[PDB]
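Peer 1: You'll find protein.txt just under this line, and it carries compact mmCIF, C-alpha atoms.
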# COMPACT_ATOMS: atom_id res chain seq x y z
CA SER K 1856 -3.98 -7.75 30.91
CA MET K 1857 -7.40 -7.42 32.63
CA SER K 1858 -7.78 -3.90 34.10
CA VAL K 1859 -4.01 -3.25 33.29
CA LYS K 1860 -3.47 -1.04 30.26
CA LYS K 1861 -0.51 0.73 28.65
CA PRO K 1862 -1.16 4.49 28.25
CA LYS K 1863 -3.64 5.37 25.37
CA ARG K 1864 -1.80 6.38 22.09
CA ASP K 1865 -3.88 9.07 20.33
CA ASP K 1866 -5.10 7.33 17.17
CA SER K 1867 -7.81 9.93 16.33
CA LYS K 1868 -5.79 11.40 13.42
CA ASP K 1869 -4.74 8.06 11.91
CA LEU K 1870 -7.53 7.98 9.28
CA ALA K 1871 -6.68 11.43 8.03
CA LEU K 1872 -2.98 10.90 8.01
CA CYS K 1873 -3.24 7.47 6.14
CA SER K 1874 -5.47 9.36 3.54
CA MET K 1875 -2.74 11.95 3.11
CA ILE K 1876 0.00 9.40 2.70
CA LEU K 1877 -2.21 7.55 0.16
CA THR K 1878 -2.77 10.88 -1.72
CA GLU K 1879 0.96 11.36 -1.94
CA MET K 1880 1.39 7.80 -3.27
CA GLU K 1881 -1.48 8.32 -5.78
CA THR K 1882 0.17 11.47 -7.19
CA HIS K 1883 3.76 10.12 -7.39
CA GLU K 1884 4.91 9.86 -11.00
CA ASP K 1885 5.88 6.20 -10.59
CA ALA K 1886 2.42 5.25 -9.23
CA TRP K 1887 1.02 4.32 -12.69
CA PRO K 1888 1.50 0.54 -12.35
CA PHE K 1889 -0.39 0.58 -9.02
CA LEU K 1890 -3.34 2.97 -9.55
CA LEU K 1891 -5.90 0.33 -10.67
CA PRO K 1892 -6.35 -3.38 -10.23
CA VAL K 1893 -4.28 -5.54 -12.64
CA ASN K 1894 -6.66 -6.72 -15.38
CA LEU K 1895 -6.91 -10.46 -14.62
CA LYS K 1896 -8.46 -11.20 -18.04
CA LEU K 1897 -5.64 -9.51 -19.92
CA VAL K 1898 -2.50 -10.39 -17.88
CA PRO K 1899 -1.59 -14.00 -18.23
CA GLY K 1900 -0.38 -15.61 -15.08
CA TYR K 1901 -1.61 -12.90 -12.66
CA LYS K 1902 -4.72 -14.52 -11.37
CA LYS K 1903 -3.02 -17.81 -10.48
CA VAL K 1904 0.21 -16.47 -9.18
CA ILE K 1905 -0.87 -13.44 -7.10
CA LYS K 1906 -3.12 -14.78 -4.44
CA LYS K 1907 -4.10 -11.38 -3.00
CA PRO K 1908 -4.16 -8.59 -5.62
CA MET K 1909 -4.02 -5.08 -4.21
CA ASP K 1910 -3.82 -1.60 -5.76
CA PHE K 1911 -4.12 2.03 -4.64
CA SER K 1912 -7.77 2.46 -5.82
CA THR K 1913 -8.83 -0.60 -3.82
CA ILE K 1914 -6.94 0.71 -0.75
CA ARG K 1915 -8.59 4.08 -1.25
CA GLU K 1916 -12.10 2.52 -1.33
CA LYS K 1917 -11.34 0.31 1.72
CA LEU K 1918 -10.08 3.43 3.56
CA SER K 1919 -13.08 5.56 2.67
CA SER K 1920 -15.55 2.87 3.79
CA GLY K 1921 -14.11 1.85 7.23
CA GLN K 1922 -12.61 -1.37 6.17
CA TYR K 1923 -9.24 -0.77 7.95
CA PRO K 1924 -9.61 -1.51 11.64
CA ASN K 1925 -6.32 0.21 12.39
CA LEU K 1926 -3.26 1.85 10.76
CA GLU K 1927 -1.31 -1.47 10.65
CA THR K 1928 -3.90 -3.16 8.47
CA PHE K 1929 -3.61 -0.12 6.12
CA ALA K 1930 0.24 -0.54 5.95
CA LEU K 1931 -0.17 -4.30 5.27
CA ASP K 1932 -2.23 -3.58 2.09
CA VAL K 1933 0.19 -0.87 0.90
CA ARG K 1934 3.14 -3.29 1.39
CA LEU K 1935 1.09 -6.04 -0.35
CA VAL K 1936 0.98 -3.84 -3.45
CA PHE K 1937 4.82 -3.83 -3.54
CA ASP K 1938 5.32 -7.43 -2.57
CA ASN K 1939 2.98 -8.45 -5.38
CA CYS K 1940 4.89 -6.22 -7.77
CA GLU K 1941 8.21 -7.90 -6.78
CA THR K 1942 6.67 -11.36 -7.16
CA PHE K 1943 5.60 -10.68 -10.78
CA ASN K 1944 8.10 -8.18 -12.17
CA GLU K 1945 11.82 -8.30 -12.75
CA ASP K 1946 13.85 -5.78 -10.66
CA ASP K 1947 15.33 -4.45 -13.97
CA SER K 1948 11.98 -3.43 -15.61
CA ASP K 1949 10.16 -0.15 -15.48
CA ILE K 1950 7.41 -1.62 -13.27
CA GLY K 1951 9.97 -3.46 -11.06
CA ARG K 1952 11.87 -0.21 -10.45
CA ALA K 1953 8.60 1.70 -9.91
CA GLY K 1954 7.77 -0.73 -7.15
CA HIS K 1955 11.06 -0.38 -5.36
CA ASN K 1956 10.83 3.41 -5.61
CA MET K 1957 7.26 3.55 -4.26
CA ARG K 1958 8.01 1.22 -1.39
CA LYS K 1959 10.95 3.43 -0.36
CA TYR K 1960 8.77 6.50 -0.65
CA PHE K 1961 5.96 4.94 1.40
CA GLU K 1962 8.25 3.66 4.16
CA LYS K 1963 9.79 7.08 4.74
CA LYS K 1964 6.38 8.74 4.95
CA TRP K 1965 5.26 6.00 7.30
CA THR K 1966 8.21 6.41 9.71
CA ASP K 1967 8.11 10.20 9.55
CA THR K 1968 4.38 10.32 10.19
CA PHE K 1969 3.98 7.64 12.90
CA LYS K 1970 7.42 6.53 14.42
Translate this file's structure into structure tokens.
Peer 2:
Amino acid sequence: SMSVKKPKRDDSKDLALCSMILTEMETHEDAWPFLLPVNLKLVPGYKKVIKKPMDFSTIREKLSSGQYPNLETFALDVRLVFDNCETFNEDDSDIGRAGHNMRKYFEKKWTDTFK
């Protein structure tokens, strides 16, 4: 509350460490469905169904330009990528499986880096 603060967590490395995690996601072999925005002209259904499209390139630009106020907002957009993928893709598809794999990969890095 006013003039009563929990001890200050060092957040000065967060930007750099989120960039490294994002690099590792970008270079994963199952990243290919997620590297660029879904083409809303060429993928029937996507525009209407997926209210908040997100992809790694968009996260990378947001990161590089100070559009994440903190590391939680960064994790929200990464998770959004996988939640969108599950909304639109069957579990038993290459893209569906890619999404589950990448989410698992991300969540381990996240815990190991920050928890």
Peer 1: Select, from K:1969, K:1923, K:1901, K:1960, the residue with the minimum atom-to-atom distance to residue 1939 of chain K, counting all atoms listed in the file.
Peer 2: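 Among the listed residues, the smallest separation from residue 1939 of chain K belongs to K:1901.
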Peer 1: Would you compute the distance between atom CA of residue 1934 of chain K and atom CA of residue 1956 of chain K? Give it in Å to one decimal.
Peer 2: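 Result for atom CA of residue 1934 of chain K versus atom CA of residue 1956 of chain K: 12.4 Å, one decimal.
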Peer 1: Check the smallest atom-to-atom distance from each of K:1864, K:1942, K:1931, K:1920 to residue 1900 of chain K using only C-alpha atoms, then report the winner.
Peer 2: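 Using only C-alpha atoms, the shortest distance to residue 1900 of chain K belongs to K:1942.
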Peer 1: For the point (6.1, -6.6, -6.8) in file coordinates, what residues are within 10 Å, counting all atoms listed in the file? Give the answer as a VMD selection string?
Peer 2: chain K and resid 1889 1905 1934 to 1946 1950 to 1955 1958
Peer 1: Enumerate, in order of chain and increasing residue number, the residues of segment 1903-1925 of chain K with an atom no farther than 10 Å from segment 1874-1881 of chain K, each with its shortest atom pair and distance in Å to one decimal, counting only C-alpha atoms, as JSON lines.
Peer 2:
{"residue": "K:1911", "atom": "CA", "partner": "K:1881", "partner_atom": "CA", "distance": 6.9}
{"residue": "K:1912", "atom": "CA", "partner": "K:1881", "partner_atom": "CA", "distance": 8.6}
{"residue": "K:1914", "atom": "CA", "partner": "K:1877", "partner_atom": "CA", "distance": 8.4}
{"residue": "K:1915", "atom": "CA", "partner": "K:1877", "partner_atom": "CA", "distance": 7.4}
{"residue": "K:1918", "atom": "CA", "partner": "K:1874", "partner_atom": "CA", "distance": 7.5}
{"residue": "K:1919", "atom": "CA", "partner": "K:1874", "partner_atom": "CA", "distance": 8.6}
Peer 1: Would you compute the distance between atom CA of residue 1860 of chain K and atom CA of residue 1930 of chain K? Give it in Å to one decimal.
Peer 2: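 It comes out at 24.6 Å.
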Peer 1: Enter the distance from atom CA of residue 1917 of chain K to atom CA of residue 1904 of chain K, in Å, rounded to one decimal.
Peer 2: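 Between atom CA of residue 1917 of chain K and atom CA of residue 1904 of chain K the gap works out to 23.1 Å.
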Peer 1: Select, from K:1966, K:1916, K:1908, K:1928, the residue with the minimum atom-to-atom distance to residue 1894 of chain K, counting only C-alpha atoms.
Peer 2: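 The closest residue to residue 1894 of chain K is K:1908.
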Peer 1: Looking at all atoms listed in the file, which of K:1890, K:1903, K:1921, K:1927 is the one that sits closest to residue 1965 of chain K?
Peer 2: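 That would be K:1927, the residue with the smallest distance to residue 1965 of chain K.
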